[PDB]
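Here is the structure we will look at.
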Amino acid sequence: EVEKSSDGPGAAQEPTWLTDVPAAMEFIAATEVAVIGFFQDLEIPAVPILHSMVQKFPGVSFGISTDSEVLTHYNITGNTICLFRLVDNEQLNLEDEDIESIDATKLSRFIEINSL
């Protein structure tokens, strides 16, 4: 309903839309630390928790995707959240074992743990 100025209170910053594998790896390659929420559904607790961690980790590259090709490239099979750290080229896969009961604390934690 709105696409111009004054969108309404509530925004700040949201995770990037990596609808493609190249764009995903690009946003990750264009930054030291990158956190991305590979979800098959943007209605799970993980989504709000990620969009929230975004403001908790500005330095970290906030990202999010729902594309099959991407969720496939990262072998995502459970609304997994992957933290790629360009520097050491690491990739932490916060899968279902952590997505089923994911919490803003957890996401922000795992990140705070591997935000290298």
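Here's how to read the names in the structure tokens: chain A, B, ... by the order shown, residue numbers from 1 in each chain, ligand numbers from 1 in the order shown.
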
task = Going by DSSP on the backbone, which bits of stretch 33-100 of chain A are alpha helix (DSSP H)? Write them as JSON, numbers by chain, please.
result = {"A": [46, 47, 48, 49, 50, 51, 52, 53, 54, 55, 56, 68, 69, 70, 71, 72, 73, 96, 97, 98, 99]}

Residues as selected, N, CA, C and O atoms, written as an mmCIF file, in the first residue's frame, can you do that?
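Result saved to selection.cif:
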```cif
data_model
loop_
_atom_site.group_PDB
_atom_site.id
_atom_site.type_symbol
_atom_site.label_atom_id
_atom_site.label_comp_id
_atom_site.auth_asym_id
_atom_site.auth_seq_id
_atom_site.Cartn_x
_atom_site.Cartn_y
_atom_site.Cartn_z
ATOM 1 N N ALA A 46 12.585 -18.320 13.765
ATOM 2 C CA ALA A 46 13.927 -17.999 13.301
ATOM 3 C C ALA A 46 13.981 -16.673 12.543
ATOM 4 O O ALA A 46 14.939 -15.913 12.684
ATOM 5 N N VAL A 47 12.956 -16.397 11.739
ATOM 6 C CA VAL A 47 12.928 -15.169 10.953
ATOM 7 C C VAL A 47 12.967 -13.922 11.844
ATOM 8 O O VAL A 47 13.859 -13.091 11.691
ATOM 9 N N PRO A 48 12.015 -13.759 12.795
ATOM 10 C CA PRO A 48 12.006 -12.592 13.683
ATOM 11 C C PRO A 48 13.289 -12.499 14.493
ATOM 12 O O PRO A 48 13.846 -11.418 14.684
ATOM 13 N N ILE A 49 13.748 -13.651 14.961
ATOM 14 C CA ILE A 49 14.964 -13.737 15.754
ATOM 15 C C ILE A 49 16.175 -13.262 14.957
ATOM 16 O O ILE A 49 17.088 -12.646 15.510
ATOM 17 N N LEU A 50 16.179 -13.546 13.659
ATOM 18 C CA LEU A 50 17.273 -13.124 12.797
ATOM 19 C C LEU A 50 17.166 -11.628 12.532
ATOM 20 O O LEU A 50 18.118 -10.883 12.747
ATOM 21 N N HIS A 51 15.994 -11.193 12.077
ATOM 22 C CA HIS A 51 15.763 -9.779 11.808
ATOM 23 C C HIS A 51 16.080 -8.954 13.051
ATOM 24 O O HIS A 51 16.390 -7.765 12.962
ATOM 25 N N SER A 52 15.999 -9.603 14.211
ATOM 26 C CA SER A 52 16.285 -8.947 15.482
ATOM 27 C C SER A 52 17.784 -8.929 15.752
ATOM 28 O O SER A 52 18.337 -7.906 16.156
ATOM 29 N N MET A 53 18.442 -10.069 15.530
ATOM 30 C CA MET A 53 19.880 -10.164 15.741
ATOM 31 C C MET A 53 20.597 -9.178 14.829
ATOM 32 O O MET A 53 21.707 -8.729 15.121
ATOM 33 N N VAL A 54 19.948 -8.857 13.713
ATOM 34 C CA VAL A 54 20.494 -7.921 12.743
ATOM 35 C C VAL A 54 20.926 -6.622 13.412
ATOM 36 O O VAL A 54 22.027 -6.126 13.174
ATOM 37 N N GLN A 55 20.053 -6.076 14.250
ATOM 38 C CA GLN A 55 20.346 -4.836 14.950
ATOM 39 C C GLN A 55 21.287 -5.083 16.121
ATOM 40 O O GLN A 55 21.843 -4.145 16.694
ATOM 41 N N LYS A 56 21.459 -6.352 16.472
ATOM 42 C CA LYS A 56 22.332 -6.731 17.574
ATOM 43 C C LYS A 56 23.739 -6.999 17.060
ATOM 44 O O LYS A 56 24.701 -7.021 17.828
ATOM 45 N N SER A 68 15.167 -22.219 -3.308
ATOM 46 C CA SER A 68 15.540 -23.627 -3.252
ATOM 47 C C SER A 68 17.005 -23.833 -3.628
ATOM 48 O O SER A 68 17.752 -24.482 -2.899
ATOM 49 N N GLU A 69 17.410 -23.275 -4.767
ATOM 50 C CA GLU A 69 18.785 -23.410 -5.243
ATOM 51 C C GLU A 69 19.792 -23.064 -4.154
ATOM 52 O O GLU A 69 20.803 -23.749 -3.996
ATOM 53 N N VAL A 70 19.515 -22.004 -3.405
ATOM 54 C CA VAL A 70 20.408 -21.586 -2.335
ATOM 55 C C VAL A 70 20.335 -22.556 -1.160
ATOM 56 O O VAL A 70 21.358 -23.083 -0.711
ATOM 57 N N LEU A 71 19.122 -22.789 -0.668
ATOM 58 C CA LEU A 71 18.914 -23.705 0.446
ATOM 59 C C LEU A 71 19.426 -25.095 0.084
ATOM 60 O O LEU A 71 19.587 -25.954 0.946
ATOM 61 N N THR A 72 19.667 -25.308 -1.207
ATOM 62 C CA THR A 72 20.185 -26.578 -1.694
ATOM 63 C C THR A 72 21.708 -26.550 -1.712
ATOM 64 O O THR A 72 22.364 -27.520 -1.330
ATOM 65 N N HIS A 73 22.258 -25.427 -2.164
ATOM 66 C CA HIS A 73 23.702 -25.254 -2.233
ATOM 67 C C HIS A 73 24.319 -25.392 -0.847
ATOM 68 O O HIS A 73 25.406 -25.949 -0.692
ATOM 69 N N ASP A 96 18.226 -27.413 11.899
ATOM 70 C CA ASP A 96 17.053 -27.757 12.702
ATOM 71 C C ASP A 96 17.417 -28.052 14.154
ATOM 72 O O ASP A 96 16.684 -27.678 15.068
ATOM 73 N N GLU A 97 18.542 -28.728 14.365
ATOM 74 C CA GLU A 97 18.985 -29.057 15.717
ATOM 75 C C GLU A 97 19.086 -27.792 16.565
ATOM 76 O O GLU A 97 19.178 -27.854 17.792
ATOM 77 N N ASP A 98 19.067 -26.648 15.892
ATOM 78 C CA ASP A 98 19.155 -25.355 16.554
ATOM 79 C C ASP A 98 18.037 -24.406 16.096
ATOM 80 O O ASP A 98 17.797 -23.375 16.724
ATOM 81 N N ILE A 99 17.357 -24.761 15.004
ATOM 82 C CA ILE A 99 16.279 -23.934 14.458
ATOM 83 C C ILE A 99 14.921 -24.315 15.054
ATOM 84 O O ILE A 99 14.041 -23.468 15.198
#
```

As an mmCIF file with C-alpha atoms, in the first residue's frame, please: the residues near residue A:75 (cut-off 12 Å, only C-alpha atoms, same-chain neighbours under 4 positions excluded).
```
data_model
loop_
_atom_site.group_PDB
_atom_site.id
_atom_site.type_symbol
_atom_site.label_atom_id
_atom_site.label_comp_id
_atom_site.auth_asym_id
_atom_site.auth_seq_id
_atom_site.Cartn_x
_atom_site.Cartn_y
_atom_site.Cartn_z
ATOM 1 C CA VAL A 21 23.379 -18.601 -4.728
ATOM 2 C CA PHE A 38 18.023 -19.991 4.953
ATOM 3 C CA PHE A 39 14.327 -20.545 5.619
ATOM 4 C CA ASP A 67 15.222 -19.887 -2.653
ATOM 5 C CA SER A 68 15.540 -23.627 -3.252
ATOM 6 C CA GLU A 69 18.785 -23.410 -5.243
ATOM 7 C CA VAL A 70 20.408 -21.586 -2.335
ATOM 8 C CA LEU A 71 18.914 -23.705 0.446
ATOM 9 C CA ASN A 79 15.184 -23.467 7.934
ATOM 10 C CA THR A 80 18.897 -23.507 8.735
ATOM 11 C CA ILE A 81 20.909 -20.347 9.447
ATOM 12 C CA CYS A 82 24.445 -20.244 8.069
ATOM 13 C CA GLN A 91 30.481 -21.820 7.662
ATOM 14 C CA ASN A 93 25.190 -24.302 9.895
ATOM 15 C CA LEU A 94 22.599 -23.548 12.571
ATOM 16 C CA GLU A 95 20.250 -26.247 11.286
ATOM 17 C CA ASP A 96 17.053 -27.757 12.702
#
```

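When only C-alpha atoms are used to measure the gap to residue A:36, the shortest distance among A:83, A:7, A:58, A:110 belongs to A:83.
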
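The residues of stretch 24-89 of chain A that DSSP classifies as strand (DSSP E), using the backbone of this structure, are residues 33, 34, 35, 36, 37, 38, 61, 62, 63, 64, 65, 81, 82, 83, 84 and 85 of chain A.
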
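Atom CA of residue A:85 sits 12.1 Å away from atom CA of residue A:112.
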
message = Can you tell me which residues surround residue A:86 at a distance of at most 10 Å, considering only C-alpha atoms, apart from same-chain residues fewer than 3 positions away, and format the answer as a ChimeraX atom specification?
response = /A:25,28-34,83,89-91,116

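Shortest atom-to-atom contact with residue A:23 among A:63, A:45, A:37, A:9: A:63, counting only C-alpha atoms.
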
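Of the listed residues (A:101, A:40, A:5, A:114), A:114 comes nearest to residue A:60; the distances count only C-alpha atoms.
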
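Between atom CA of residue A:108 and atom CA of residue A:57 the separation is 7.7 Å.
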
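For the pair atom CA of residue A:74 and atom CA of residue A:111, the separation is 17.7 Å.
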